[PDB]
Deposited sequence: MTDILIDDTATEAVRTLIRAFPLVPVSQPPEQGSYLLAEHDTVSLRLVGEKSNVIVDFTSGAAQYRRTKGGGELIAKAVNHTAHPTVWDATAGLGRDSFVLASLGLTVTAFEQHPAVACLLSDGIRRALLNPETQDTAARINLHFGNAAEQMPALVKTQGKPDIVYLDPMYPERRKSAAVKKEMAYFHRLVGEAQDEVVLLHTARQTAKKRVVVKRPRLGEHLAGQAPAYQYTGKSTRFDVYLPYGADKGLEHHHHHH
């Protein structure tokens, strides 16, 4: 991942990007995307295109309170009034991580892609500067790495989270199912079910297929969005309740 560091880039930005395996370039590449560190923001650009992508949680809470269709059921899916800790295994741009943290939950947001993790990190950094989003941003802990591969070690380190939240961005044929995304889904769900203390929550399109082709214990259905909930391995549905 290339990163163009403009002369106006603040010291905060310069220090932040230094923690990511990026490749500083003196000019934009001839093709494709690259990161741009200008002023006090890190953004992602596409050569030849004006529109960019930036993580900005300023209107996050507002956008959430106004969303309909089922996405607003995320709070009930993780049982937010129980004050659970949550590991967001597919953080990406952090939309859901910020929403969860805004409910008062302590979130560990996993993101394995260098560019995306950097974008998210800067978004959290800027969120801490705004008095209206400071408290929430402080409850978001970025974990730069692959969740399936690193959750087991983190469990031994700081204990199991109450909730593991998943929202994959996907919703020779036989061979591809064995080594491709299908297999990755199997491993992610399995690892999440060995990790969560209370539930593994998976966001899905209304008619979306079940993650790893596995049926959940119960679901929270909206019009166009739903949440599949799996109980941790060895949990007795008789004791558990929702």
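Enquirer: Numbering from 1, run down the deposited sequence and write out every stretch that has no C-alpha in the structure.
Expert: Those parts of the chain that were deposited but carry no coordinates are 1, 173-183, 255-258.
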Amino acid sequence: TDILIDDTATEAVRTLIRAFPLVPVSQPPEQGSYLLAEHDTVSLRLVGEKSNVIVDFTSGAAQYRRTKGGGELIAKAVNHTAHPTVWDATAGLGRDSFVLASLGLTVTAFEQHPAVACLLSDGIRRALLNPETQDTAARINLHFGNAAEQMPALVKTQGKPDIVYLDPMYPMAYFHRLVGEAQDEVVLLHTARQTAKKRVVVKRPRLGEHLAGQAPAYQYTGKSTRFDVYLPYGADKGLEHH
From here on, numbers count along this sequence of modelled residues.
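Enquirer: Can you let me know which of the two, 195-203 or 209-217, has the higher average C-alpha B-factor in the entry?
Expert: The recorded data point to 209-217.
Enquirer: Given the B-factors recorded for C-alpha atoms, which segment has the greater mean, 181-189 or 50-58?
Expert: Higher mean C-alpha B-factor: 50-58.
Enquirer: Based on what the PDB entry reports, which of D96, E72, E149, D135 has the top C-alpha B-factor?
Expert: Spelled out: the listed residue with the top C-alpha B-factor is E72.
Enquirer: Which third of the chain holds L103 when residues are ordered by C-alpha B factor: lowest, middle or highest?
Expert: Within its chain, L103 is a middle-third residue by C-alpha B-factor, going by the deposited values.
Enquirer: Among the chain's modelled residues, which third holds the C-alpha B-factor of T81?
Expert: Within its chain, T81 is a highest-third residue by C-alpha B-factor, going by the deposited values.
Enquirer: Could you look up the Cα B-factor of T90 in the entry and say which third of the chain it sits in: lowest, middle or highest?
Expert: According to the entry, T90 has a C-alpha B-factor in the chain's lowest third.
Enquirer: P168: which third of its chain by C-alpha temperature factor?
Expert: Top third by C-alpha B-factor.
Enquirer: Taking the entry's C-alpha B-factors for this chain, is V23 in the lowest, middle or highest third?
Expert: Within its chain, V23 is a middle-third residue by C-alpha B-factor, going by the deposited values.
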